[PDB]
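As provided, final_15.cif (mmCIF, C-alpha atoms and all ligand atoms) reads as follows.
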data_protein
loop_
_atom_site.label_atom_id
_atom_site.label_comp_id
_atom_site.auth_asym_id
_atom_site.auth_seq_id
_atom_site.Cartn_x
_atom_site.Cartn_y
_atom_site.Cartn_z
CA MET A 378 151.78 145.89 186.26
CA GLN A 379 149.23 143.07 186.40
CA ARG A 380 152.04 140.52 186.10
CA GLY A 381 149.82 137.81 187.58
CA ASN A 382 150.94 134.46 189.01
CA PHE A 383 148.30 131.94 190.16
CA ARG A 384 144.54 131.72 189.60
CA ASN A 385 142.44 128.54 189.80
CA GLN A 386 139.57 127.05 191.79
CA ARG A 387 140.09 124.17 194.22
CA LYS A 388 143.77 124.95 194.80
CA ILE A 389 145.88 122.12 196.22
CA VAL A 390 148.42 123.09 198.89
CA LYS A 391 150.66 120.66 200.77
CA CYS A 392 153.94 121.16 202.66
CA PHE A 393 157.07 119.13 201.75
CA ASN A 394 158.66 119.36 205.28
CA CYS A 395 155.80 118.33 207.69
CA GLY A 396 153.31 116.87 205.11
CA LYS A 397 150.22 118.90 206.26
CA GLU A 398 147.89 120.96 203.99
CA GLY A 399 147.08 124.68 203.72
CA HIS A 400 150.71 125.93 203.43
CA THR A 401 154.23 125.48 201.90
CA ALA A 402 157.63 124.93 203.64
CA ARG A 403 158.53 128.67 203.10
CA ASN A 404 155.40 129.57 205.19
CA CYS A 405 155.74 126.53 207.60
CA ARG A 406 156.65 126.82 211.34
CA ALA A 407 157.93 123.24 211.79
CA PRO A 408 161.63 122.82 212.85
CA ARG A 409 164.11 123.85 210.16
CA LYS A 410 165.61 120.87 208.31
CA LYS A 411 168.80 120.44 206.27
CA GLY A 412 170.96 122.13 208.89
CA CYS A 413 172.69 121.48 212.24
CA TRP A 414 170.54 121.14 215.41
CA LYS A 415 173.54 122.04 217.70
CA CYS A 416 174.64 125.42 216.12
CA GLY A 417 171.78 126.08 213.58
CA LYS A 418 174.04 126.54 210.46
CA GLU A 419 173.50 124.79 207.07
CA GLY A 420 175.58 122.15 205.18
CA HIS A 421 176.52 119.68 208.00
CA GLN A 422 175.30 117.11 210.60
CA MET A 423 175.99 117.97 214.28
CA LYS A 424 178.63 115.14 214.68
CA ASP A 425 180.80 116.96 212.03
CA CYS A 426 180.32 120.16 214.15
CA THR A 427 183.64 119.94 215.94
CA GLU A 428 185.15 122.69 218.10
CA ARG A 429 185.01 126.05 216.32
CA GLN A 430 188.16 127.85 215.16
CA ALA A 431 189.22 131.26 216.48
CA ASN A 432 187.64 134.22 214.63
ZN ZN B 1 154.85 122.26 207.09
ZN ZN B 2 176.79 122.92 213.84
#

Structure rendered as structure tokens:
Amino acid sequence: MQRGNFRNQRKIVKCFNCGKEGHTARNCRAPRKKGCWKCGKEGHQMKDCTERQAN
């Protein structure tokens, strides 16, 4: 109990994805990066997203 975490005045918060203040990328609503725009899955660009295999 009372593990603690953060506690300081004049906190500085700035997102790494969109660059705006008051939040972090975990809390952000900007489009998800580092993943395909055509299927939504991680680890590739959508030109490597060739026809999908059966099951
Ligand atoms: Zn953001
Ligand atoms: Zn894809």

Give, as JSON, the centre coordinates and the x, y and z edge lengths in Å to one decimal for an axis-aligned box around all listed atoms of stretch 388-407 of chain A, padded by 5 Å on each side.
{"center_x": 151.2, "center_y": 123.2, "center_z": 203.3, "size_x": 24.9, "size_y": 22.7, "size_z": 27.0}

Enumerate as a PyMOL selection string the residues within 10 Å of ligand ZN 1 (chain B), counting all atoms listed in the file. chain A and resi 391-409

List all protein, DNA and RNA residues that have an atom no more than 10 Å from any atom of ligand ZN 2 (chain B), counting only C-alpha atoms and all ligand atoms, and report them as a VMD selection string. chain A and resid 412 to 429
